[PDB]
>>> print(open('model-v9.txt').read())   # compact mmCIF, C-alpha atoms
# COMPACT_ATOMS: atom_id res chain seq x y z
CA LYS A 53 0.00 0.00 0.00
CA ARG A 54 0.95 3.61 -0.58
CA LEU A 55 -0.78 5.27 2.40
CA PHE A 56 -0.50 8.99 1.58
CA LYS A 57 -2.26 11.44 -0.69
CA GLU A 58 -0.09 12.79 -3.49
CA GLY A 59 0.23 16.47 -2.69
CA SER A 60 -0.69 16.17 0.98
CA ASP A 61 1.13 17.09 4.18
CA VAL A 62 2.96 14.36 6.05
CA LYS A 63 4.64 14.41 9.41
CA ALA A 64 8.19 13.19 9.92
CA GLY A 65 7.93 9.57 11.11
CA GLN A 66 4.68 8.94 9.29
CA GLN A 67 4.39 5.62 7.44
CA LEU A 68 4.28 6.46 3.73
CA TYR A 69 4.46 2.99 2.21
CA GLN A 70 4.05 -0.61 3.28
CA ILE A 71 6.25 -3.26 1.74
CA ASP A 72 4.69 -6.73 1.82
CA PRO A 73 6.10 -7.97 5.19
CA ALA A 74 4.67 -11.46 5.02
CA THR A 75 8.05 -13.19 4.82
CA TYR A 76 10.09 -10.67 6.83
CA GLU A 77 7.59 -11.02 9.63
CA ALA A 78 7.93 -14.75 9.05
CA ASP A 79 11.73 -14.93 9.08
CA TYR A 80 11.78 -12.79 12.22
CA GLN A 81 9.44 -15.01 14.17
CA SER A 82 11.46 -17.91 12.85
CA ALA A 83 14.74 -16.37 13.97
CA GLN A 84 13.41 -15.67 17.45
CA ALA A 85 12.22 -19.24 17.76
CA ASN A 86 15.73 -20.42 17.02
CA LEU A 87 17.35 -17.98 19.45
CA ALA A 88 14.98 -18.89 22.27
CA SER A 89 16.10 -22.44 21.63
CA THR A 90 19.89 -22.07 21.35
CA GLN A 91 19.97 -19.55 24.17
CA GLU A 92 18.48 -22.04 26.61
CA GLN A 93 20.75 -24.79 25.26
CA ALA A 94 23.72 -22.56 26.01
CA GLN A 95 22.69 -21.32 29.45
CA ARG A 96 22.29 -24.97 30.41
CA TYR A 97 25.66 -26.09 29.04
CA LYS A 98 27.24 -23.16 30.86
CA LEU A 99 26.44 -24.90 34.13
CA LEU A 100 27.55 -28.33 32.91
CA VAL A 101 31.16 -27.40 32.15
CA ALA A 102 31.03 -25.74 35.55
CA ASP A 103 30.75 -29.32 36.83
CA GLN B 104 20.30 -30.59 38.28
CA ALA B 105 23.18 -31.66 36.02
CA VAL B 106 21.79 -35.19 36.20
CA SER B 107 18.40 -36.81 36.88
CA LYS B 108 17.60 -38.32 40.25
CA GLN B 109 17.10 -41.56 38.33
CA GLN B 110 20.69 -41.59 37.12
CA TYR B 111 22.13 -40.79 40.53
CA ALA B 112 19.93 -43.55 41.87
CA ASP B 113 21.10 -46.18 39.40
CA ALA B 114 24.61 -44.99 40.25
CA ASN B 115 24.43 -45.24 44.03
CA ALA B 116 22.62 -48.51 43.32
CA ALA B 117 25.60 -50.14 41.63
CA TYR B 118 27.91 -48.62 44.22
CA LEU B 119 26.05 -50.50 46.92
CA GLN B 120 26.05 -53.73 44.94
CA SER B 121 29.84 -53.45 44.60
CA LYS B 122 30.51 -52.65 48.25
CA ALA B 123 28.40 -55.72 48.92
CA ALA B 124 30.34 -58.00 46.56
CA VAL B 125 33.70 -56.90 47.92
CA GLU B 126 32.67 -57.75 51.47
CA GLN B 127 31.58 -61.16 50.35
CA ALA B 128 34.81 -61.66 48.45
CA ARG B 129 36.82 -60.61 51.49
CA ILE B 130 35.06 -63.18 53.63
CA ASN B 131 35.63 -66.07 51.24
CA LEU B 132 39.28 -65.18 50.92
CA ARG B 133 39.65 -65.11 54.68
CA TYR B 134 38.24 -68.58 54.92
CA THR B 135 41.00 -69.99 52.71
CA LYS B 136 42.93 -69.98 56.00
CA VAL B 137 41.17 -72.59 58.14
CA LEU B 138 41.68 -71.73 61.82
CA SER B 139 41.46 -73.73 65.05
CA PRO B 140 38.35 -72.65 66.95
CA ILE B 141 39.72 -73.43 70.40
CA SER B 142 43.12 -74.01 72.03
CA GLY B 143 43.33 -77.74 72.68
CA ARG B 144 44.90 -80.98 71.52
CA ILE B 145 44.34 -81.86 67.86
CA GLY B 146 44.61 -85.38 66.42
CA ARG B 147 44.69 -87.08 63.03
CA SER B 148 43.56 -85.01 60.07
CA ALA B 149 40.60 -86.57 58.22
CA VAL B 150 41.09 -84.48 55.12
CA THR B 151 44.45 -84.90 53.39
CA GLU B 152 46.78 -82.45 51.68
CA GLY B 153 45.64 -81.74 48.17
CA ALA B 154 42.14 -83.06 48.86
CA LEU B 155 38.98 -81.22 47.89
>>> encode(input="model-v9.txt", output="structure tokens")
Amino acid sequence: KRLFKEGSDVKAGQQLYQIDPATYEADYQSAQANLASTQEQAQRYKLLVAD
Amino acid sequence: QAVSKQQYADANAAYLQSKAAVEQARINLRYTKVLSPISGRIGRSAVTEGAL
């Protein structure tokens, strides 16, 4: 979408366009899933070498 | 938490079994030396060297 009227007044910080985020939103949620996983995995192993 | 209670159990389990076995081994070994139960006079030996 192109959410602004040609010739209008916009405020700095105002969304002017919207790029299809479907996949970006997807990759991001994916990434976070992974992190949440590995992070735990690590935090655990950090206490195993300790012993 | 590095190891499940189950594992530590199985572990301490075997440990006890061993300690048990050793004690039993010790006793049998000790008996390879037949001893006189009381001071006294002893006579002929019924068993004979090399016998079973």
>>> closest_atom_pairs(input="model-v9.txt", of="chain A", to="chain B", cutoff="10 Å", atoms="only C-alpha atoms", output="CSV")
residue,atom,partner,partner_atom,distance
A:96,CA,B:105,CA,8.8
A:97,CA,B:105,CA,9.3
A:99,CA,B:105,CA,7.7
A:100,CA,B:105,CA,6.3
A:101,CA,B:105,CA,9.8
A:102,CA,B:105,CA,9.8
A:103,CA,B:105,CA,8.0
>>> atom_distance(input="model-v9.txt", atom1="atom CA of residue A:88", atom2="atom CA of residue B:108")
26.6 Å
>>> residues_around(input="model-v9.txt", residues="residue A:53", least_positions_apart="6", cutoff="9 Å", atoms="all atoms listed in the file", output="list in words")
residues 68, 69, 70, 71 and 72 of chain A
>>> axis_aligned_box(input="model-v9.txt", around="stretch 135-143 of chain B", padding_each_side="8 Å", output="lines of an AutoDock Vina configuration file")
center_x = 40.8
center_y = -73.9
center_z = 62.7
size_x = 21.0
size_y = 23.8
size_z = 36.0
>>> atom_distance(input="model-v9.txt", atom1="atom CA of residue B:140", atom2="atom CA of residue B:122")
28.5 Å
>>> atom_distance(input="model-v9.txt", atom1="atom CA of residue B:154", atom2="atom CA of residue B:127")
24.4 Å
>>> decode(input="model-v9.txt", residues="stretch 54-101 of chain A", atoms="N, CA and C atoms", output="compact mmCIF listing (two decimals), in the first residue's frame")
# COMPACT_ATOMS: atom_id res chain seq x y z
N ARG A 54 0.28 2.32 -0.56
CA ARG A 54 0.95 3.61 -0.58
C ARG A 54 0.03 4.53 0.21
N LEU A 55 0.10 4.47 1.54
CA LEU A 55 -0.78 5.27 2.40
C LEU A 55 -0.58 6.78 2.57
N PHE A 56 -0.62 7.55 1.49
CA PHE A 56 -0.50 8.99 1.58
C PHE A 56 -1.05 9.62 0.32
N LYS A 57 -1.68 10.78 0.46
CA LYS A 57 -2.26 11.44 -0.69
C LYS A 57 -1.23 12.27 -1.45
N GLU A 58 -1.05 12.00 -2.73
CA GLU A 58 -0.09 12.79 -3.49
C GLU A 58 -0.48 14.24 -3.31
N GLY A 59 0.48 15.05 -2.90
CA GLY A 59 0.23 16.47 -2.69
C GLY A 59 -0.22 16.84 -1.29
N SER A 60 -0.24 15.87 -0.37
CA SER A 60 -0.69 16.17 0.98
C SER A 60 0.43 16.62 1.89
N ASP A 61 0.14 16.70 3.19
CA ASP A 61 1.13 17.09 4.18
C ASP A 61 1.38 15.88 5.05
N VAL A 62 2.64 15.50 5.21
CA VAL A 62 2.96 14.36 6.05
C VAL A 62 3.83 14.84 7.18
N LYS A 63 3.82 14.09 8.27
CA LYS A 63 4.64 14.41 9.41
C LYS A 63 5.86 13.49 9.42
N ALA A 64 7.00 14.01 9.84
CA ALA A 64 8.19 13.19 9.92
C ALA A 64 7.90 11.98 10.83
N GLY A 65 8.15 10.77 10.34
CA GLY A 65 7.93 9.57 11.11
C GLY A 65 6.68 8.84 10.70
N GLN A 66 5.95 9.48 9.79
CA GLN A 66 4.68 8.94 9.29
C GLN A 66 4.91 7.83 8.26
N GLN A 67 4.25 6.69 8.42
CA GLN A 67 4.39 5.62 7.44
C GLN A 67 3.86 6.10 6.10
N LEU A 68 4.69 6.01 5.06
CA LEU A 68 4.28 6.46 3.73
C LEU A 68 3.94 5.31 2.81
N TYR A 69 4.64 4.19 3.01
CA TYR A 69 4.46 2.99 2.21
C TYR A 69 4.47 1.77 3.10
N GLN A 70 4.04 0.65 2.55
CA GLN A 70 4.05 -0.61 3.28
C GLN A 70 4.53 -1.68 2.33
N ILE A 71 5.72 -2.21 2.58
CA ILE A 71 6.25 -3.26 1.74
C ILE A 71 5.69 -4.57 2.28
N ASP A 72 5.24 -5.46 1.39
CA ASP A 72 4.69 -6.73 1.82
C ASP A 72 5.69 -7.36 2.78
N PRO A 73 5.33 -7.44 4.06
CA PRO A 73 6.10 -7.97 5.19
C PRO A 73 5.92 -9.43 5.50
N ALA A 74 4.98 -10.06 4.81
CA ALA A 74 4.67 -11.46 5.02
C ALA A 74 5.86 -12.34 5.42
N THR A 75 6.87 -12.37 4.57
CA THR A 75 8.05 -13.19 4.82
C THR A 75 9.00 -12.63 5.87
N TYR A 76 9.22 -11.31 5.84
CA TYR A 76 10.09 -10.67 6.83
C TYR A 76 9.52 -10.96 8.20
N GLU A 77 8.22 -10.74 8.36
CA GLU A 77 7.59 -11.02 9.63
C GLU A 77 7.80 -12.49 9.94
N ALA A 78 7.76 -13.31 8.90
CA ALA A 78 7.93 -14.75 9.05
C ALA A 78 9.35 -15.14 9.47
N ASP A 79 10.34 -14.62 8.75
CA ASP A 79 11.73 -14.93 9.08
C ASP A 79 12.07 -14.48 10.50
N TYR A 80 11.52 -13.33 10.89
CA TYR A 80 11.78 -12.79 12.22
C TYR A 80 11.26 -13.69 13.30
N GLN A 81 10.02 -14.13 13.16
CA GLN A 81 9.44 -15.01 14.17
C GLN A 81 10.26 -16.29 14.17
N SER A 82 10.67 -16.70 12.98
CA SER A 82 11.46 -17.91 12.85
C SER A 82 12.75 -17.74 13.63
N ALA A 83 13.48 -16.67 13.31
CA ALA A 83 14.74 -16.37 13.97
C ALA A 83 14.58 -16.45 15.48
N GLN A 84 13.64 -15.68 16.02
CA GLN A 84 13.41 -15.67 17.45
C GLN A 84 13.16 -17.05 18.03
N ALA A 85 12.49 -17.90 17.27
CA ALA A 85 12.22 -19.24 17.76
C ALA A 85 13.56 -19.89 18.01
N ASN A 86 14.40 -19.84 16.99
CA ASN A 86 15.73 -20.42 17.02
C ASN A 86 16.52 -19.90 18.21
N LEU A 87 16.61 -18.58 18.35
CA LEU A 87 17.35 -17.98 19.45
C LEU A 87 16.87 -18.53 20.78
N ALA A 88 15.57 -18.38 21.03
CA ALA A 88 14.98 -18.89 22.27
C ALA A 88 15.49 -20.29 22.55
N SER A 89 15.61 -21.09 21.50
CA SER A 89 16.10 -22.44 21.63
C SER A 89 17.58 -22.46 22.04
N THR A 90 18.46 -22.09 21.11
CA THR A 90 19.89 -22.07 21.35
C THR A 90 20.27 -21.38 22.65
N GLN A 91 19.64 -20.25 22.94
CA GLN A 91 19.97 -19.55 24.17
C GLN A 91 19.87 -20.49 25.36
N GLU A 92 18.71 -21.12 25.51
CA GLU A 92 18.48 -22.04 26.61
C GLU A 92 19.60 -23.08 26.59
N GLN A 93 19.72 -23.76 25.46
CA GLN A 93 20.75 -24.79 25.26
C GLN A 93 22.08 -24.35 25.84
N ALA A 94 22.46 -23.11 25.54
CA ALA A 94 23.72 -22.56 26.01
C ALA A 94 23.70 -22.40 27.52
N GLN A 95 22.80 -21.55 28.01
CA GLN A 95 22.69 -21.32 29.45
C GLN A 95 22.77 -22.61 30.25
N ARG A 96 22.23 -23.70 29.70
CA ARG A 96 22.29 -24.97 30.41
C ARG A 96 23.73 -25.47 30.39
N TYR A 97 24.29 -25.63 29.19
CA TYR A 97 25.66 -26.09 29.04
C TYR A 97 26.66 -25.26 29.83
N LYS A 98 26.32 -24.01 30.13
CA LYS A 98 27.24 -23.16 30.86
C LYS A 98 27.39 -23.65 32.29
N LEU A 99 26.39 -24.38 32.77
CA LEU A 99 26.44 -24.90 34.13
C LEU A 99 26.97 -26.33 34.16
N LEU A 100 27.05 -26.96 32.99
CA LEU A 100 27.55 -28.33 32.91
C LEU A 100 29.07 -28.40 32.86
N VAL A 101 29.70 -27.44 32.19
CA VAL A 101 31.16 -27.40 32.15
C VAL A 101 31.57 -27.04 33.56
